[PDB]
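Peer 1: turn this into a structure:
(one chain, ligands or ions: 8)
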Amino acid sequence: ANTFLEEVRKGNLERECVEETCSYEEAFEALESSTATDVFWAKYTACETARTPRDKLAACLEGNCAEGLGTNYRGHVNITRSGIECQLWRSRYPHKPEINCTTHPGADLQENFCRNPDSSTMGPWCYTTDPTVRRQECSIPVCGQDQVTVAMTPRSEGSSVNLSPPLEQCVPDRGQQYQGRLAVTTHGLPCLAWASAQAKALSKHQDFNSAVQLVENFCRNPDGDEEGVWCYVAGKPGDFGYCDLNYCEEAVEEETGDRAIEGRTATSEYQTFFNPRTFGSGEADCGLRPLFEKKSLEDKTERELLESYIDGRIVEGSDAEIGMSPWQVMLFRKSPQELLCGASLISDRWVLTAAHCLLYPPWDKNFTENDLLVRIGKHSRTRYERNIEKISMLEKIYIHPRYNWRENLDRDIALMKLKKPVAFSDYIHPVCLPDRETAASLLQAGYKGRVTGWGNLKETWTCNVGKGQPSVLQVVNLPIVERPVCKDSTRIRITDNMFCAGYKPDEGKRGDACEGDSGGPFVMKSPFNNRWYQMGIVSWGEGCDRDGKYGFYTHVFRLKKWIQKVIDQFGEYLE
Ligand SMILES: *[C@@H]1O[C@H](CO)[C@@H](O[C@@H]2O[C@H](CO)[C@@H](O)[C@H](O)[C@@H]2O)[C@H](O)[C@H]1NC(C)=O
Ligand SMILES: *[C@@H]1O[C@H](CO)[C@@H](O)[C@H](O)[C@H]1NC(C)=O
Ligand SMILES: [Mg+2]
Ligand SMILES: [Mg+2]
Ligand SMILES: [Mg+2]
Ligand SMILES: [Mg+2]
Ligand SMILES: [Mg+2]
Ligand SMILES: [Mg+2]
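Peer 2: Numbers count the residues shown, from 1 in each chain. Ligands and ions are numbered 1, 2, ... in the order given. The coordinates are given below.
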């Protein structure tokens, strides 16, 4: 095609095993090729149920139809039978495919269509972008005949005569101002009674600014938590539960209601709000790096932190600076070894990463407490540094109620505890804490964000050829992205418990709007008080897989009181 000699051969061949029959050695005569020989075979025997006529045959090997089943089919359709888009033929989000990128070159499993290189027990399928379902078949005509192999299902969103119909109007103040009768939660669980047998005798040393009455057995929020209401449950002695419900669009960026200059004069001012014996340390002393904040030493990228400094360019992966986040933490598997996820640090005894990292069945995984291990304050991922870095075990799997992997990583969050605690050092030092009221005032002004890692985020999700992971950590700053802007980027609907965070992107590239460690850190530094206030965990983003999208990481500002409760509960399973 397109020329003389590559064309020339075409004619000879339209006639050989098409209308007549042919062979290996017959093919190997007029062919003049070694490997190309088998480009044929895939589609040929795929169309086993038609040797003659060429008329009926026509569509099969052209590759826009299903003969019998459709191993001839290489055709191009974005979607599957129902509606929610197919997955690519290499990226592993949401469900991991069993067929990874190296295995089948026969079908040439690239792009995002529907394939069947392997003997399906129903028909030609592709993986979905919905988590509820792993794979499904798709709807193509017969080869040389008009007949869809499978039916469609549309699925839709209505209003005042399709749904039921409902229309509420929202709950203000994030759970305080509510009096309701509900007793159903996320998994499908109940409440327990506030003045019966187990909702008074342990309400012992806690902040009860009690305006609302103690009524019966519903979900409430009298403390003043900024998430919402919750009530109690029971099992292998453990958790309570936030009752799942629709809320307002009360964002933290610019709350409406009634270039600037620099300041410093202060060394620690904060709200001592947490219980240092069972909870322990990390509350006052945090985010004041041993090698930087304390000496008043900067790093290369503090000078540049403003939104309007040099009016927008793109930045590359930099071989990063030593010990400048001594709160960095790894994650691995027992027998055998395996690099799993990224994380983040706060105290001598408490820990964090993003909740995807274990309880996600599509990769077959109830890896309970003891499948696991950690290494801390590291640098050269290829090496071990023994002294500077250290080793401690992890405790138990504390489930956050609102985490929904089946849905769409909505509240991608949980908690754990260190087994043996750890000491404060040059190489070892935690990061600091902004509440809602801190978080809000911060983000109106023009400043930047930061994430780091060994490209473990960049690693885990796709195949990604050539670009081998950096054994040293990677660093680079990032800008803010407005809420008026971010929406129309993607047509799939968006949440206010996550955020857009990436550069102004380009056409022909994968991009670095997606870096660091998965479950890794989304950190910052205060000009108020010189502390290091974090504002997210490094979770998945469209930018990783989907070209020309943004670096995407999780919110933090709401749940001040979730763990305020937990810290007294830690001690109750002891001895
Ligand atoms: C399949 O998904 C494609 C992504 O590779 C989409 O391609 C884009 O489509 C827009 C128009 O909607 C173009 O302007 C843009 O240049 C790009 O090609 C596309 O929506 C979709 N294709 C089909 C056939 O549905
Ligand atoms: C994992 O399996 C164990 C026993 O096989 C079970 O008791 C436990 O409930 C599971 N994990 C979680 C978090 O439910
Ligand atoms: Mg012919
Ligand atoms: Mg011969
Ligand atoms: Mg021959
Ligand atoms: Mg011949
Ligand atoms: Mg011949
Ligand atoms: Mg020839």
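Peer 1: when you work out contacts or count neighbours from here on, use the C-alpha atoms and nothing else.
Peer 2: Noted.
Peer 1: get me the contact residues on this structure for ligand 7.
Peer 2: 26, 29-30 (CA under 5 Å from the ion).
Peer 1: now residue 399: phi and psi?
Peer 2: Here is the backbone geometry of residue 399 (degrees, to the nearest 10): phi -80, psi 130.
Peer 1: show me the beta-bridge partners of it.
Peer 2: Counting by DSSP bridges, residue 399 is bridged to residue 414.
Peer 1: likewise for residue 477?
Peer 2: With DSSP bridges as the rule, residue 477 is bridged to residue 450.
Peer 1: how much space between the closest residue to residue 140 other than its chain neighbours and ligand 8?
Peer 2: Using CA to CA, 6 or more residues apart in numbering and skipping the chain neighbours, the partner closest in space to residue 140 is residue 148 (5.3 Å). As judged by CA to the ion, to the nearest Å, residue 148 and ligand 8 stand 39 Å apart.
Peer 1: thought residue 148 was touching residue 137?
Peer 2: No - using CA atoms under 8 Å, residue 148 is not in contact with residue 137; the gap is 11.7 Å.
Peer 1: who has more neighbours, the two?
Peer 2: residue 137 (22 against 14; other CA atoms under 10 Å).
Peer 1: which residues sit in contact with the closest residue to ligand 7 within the stretch 151-300 of the chain?
Peer 2: Ligand 7 sits closest to residue 151 of the stretch 151-300 of the chain, with a gap of 45.1 Å, by CA to the ion. Neighbouring residues of residue 151 by CA atoms under 8 Å, 6 or more residues apart in numbering: 81, 139.
Peer 1: ok, it to ligand 6 distance?
Peer 2: With CA to the ion as the criterion, residue 151 and ligand 6 are 41 Å apart.
Peer 1: what does the chain put close to ligand 6?
Peer 2: 16, 26.
Peer 1: could I get the full set of helices for the chain?
Peer 2: Along the chain, counting by DSSP state H, helices occupy 5-8, 10-15, 24-30, 37-46, 54-62, 436-444, 456-460, 483-486, 542-545, 562-570.
Peer 1: now tabulate those helices in a markdown table and tack on mean neighbour count and distance to residue 320.
Peer 2: Shown next, in a markdown table, are these (neighbours: other CA atoms under 10 Å; distance: least, CA to CA, whole Å):
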| stretch | mean neighbour count | distance to residue 320 |
| --- | --- | --- |
| helix 5-8 | 10 | 51 |
| helix 10-15 | 11 | 56 |
| helix 24-30 | 11 | 56 |
| helix 37-46 | 16 | 46 |
| helix 54-62 | 17 | 51 |
| helix 436-444 | 15 | 26 |
| helix 456-460 | 21 | 15 |
| helix 483-486 | 11 | 30 |
| helix 542-545 | 20 | 21 |
| helix 562-570 | 15 | 33 |
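Peer 1: format those helices as a markdown table; extra columns: distance to residue 243.
Peer 2: Below are the helices of the chain laid out as a markdown table (distance: least, CA to CA, whole Å):
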| stretch | distance to residue 243 |
| --- | --- |
| helix 5-8 | 67 |
| helix 10-15 | 67 |
| helix 24-30 | 67 |
| helix 37-46 | 53 |
| helix 54-62 | 54 |
| helix 436-444 | 21 |
| helix 456-460 | 32 |
| helix 483-486 | 27 |
| helix 542-545 | 29 |
| helix 562-570 | 14 |
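Peer 1: closest one to residue 355 among those helices?
Peer 2: With CA to CA as the criterion, residue 355 lies closest to helix 456-460 of the helices of the chain, at 14.0 Å.
Peer 1: and the residue of the stretch 251-400 of the chain nearest ligand 7?
Peer 2: Per CA to the ion, residue 363 is where the stretch 251-400 of the chain lies closest to ligand 7, at 50.3 Å.
Peer 1: how near is residue 83 to residue 77?
Peer 2: 12 Å (CA to CA, to the nearest Å).
Peer 1: same check on residue 4?
Peer 2: 32 Å.
Peer 1: now do residue 553
Peer 2: For residue 553, the distance to residue 77 - CA to CA - is 31 Å.
Peer 1: who has more neighbours, these two?
Peer 2: In terms of neighbours (other CA under 10 Å), residue 553 is the more surrounded of residue 553 and residue 77; the figures are 26 against 16.
Peer 1: I figured the more buried one hits residue 543, correct?
Peer 2: No - using CA under 8 Å, residue 553 is not in contact with residue 543, being 11.3 Å away.
Peer 1: what about the strands in the stretch 301-450 of the chain?
Peer 2: Residue ranges of the strands in the stretch 301-450 of the chain, as given by DSSP state E, counting those that start in this stretch, are 318-319, 332-333, 344-345, 350-352, 372-373, 398-399, 414-417, 449-453.
Peer 1: ok, which of those strands comes nearest ligand 8?
Peer 2: strand 318-319 (52.6 Å).
Peer 1: for whichever residue of the stretch 401-550 of the chain sits closest to ligand 7, what are its contacts?
Peer 2: Ranking the residues of the stretch 401-550 of the chain by distance to ligand 7 (CA to the ion) places residue 465 first, at 40.1 Å. Shown in contact with residue 465 (CA under 8 Å, 6+ apart): no residues.
Peer 1: got phi/psi on it?
Peer 2: Dihedral angles (degrees, to the nearest 10) for residue 465: phi -80, psi 150.
Peer 1: now it: how far from residue 101?
Peer 2: 10 Å.
Peer 1: ok, residue 268 touching residue 529?
Peer 2: Yes - Residue 268 lies in contact with residue 529 (CA under 8 Å); the separation is 7.2 Å.
Peer 1: neighbour-wise, which of these two wins?
Peer 2: Using other CA under 10 Å as the criterion, residue 268 and residue 529 rank with residue 529 on top: 17 against 11.
Peer 1: okay, now residue 214: neighbour count?
Peer 2: The burial count for residue 214: 13, using other CA under 10 Å.
Peer 1: OK, contacts around it?
Peer 2: Contacts of residue 214 (CA under 8 Å, 6+ apart): 194-195.
Peer 1: from residue 199, how far off is it?
Peer 2: 10 Å.
Peer 1: what about the closest residue to ligand 7 within the chain, distance to residue 22?
Peer 2: Closest to ligand 7 within the chain is residue 29: 3.9 Å, counting by CA to the ion. In this view, residue 29 and residue 22 are 11 Å apart by CA to CA.
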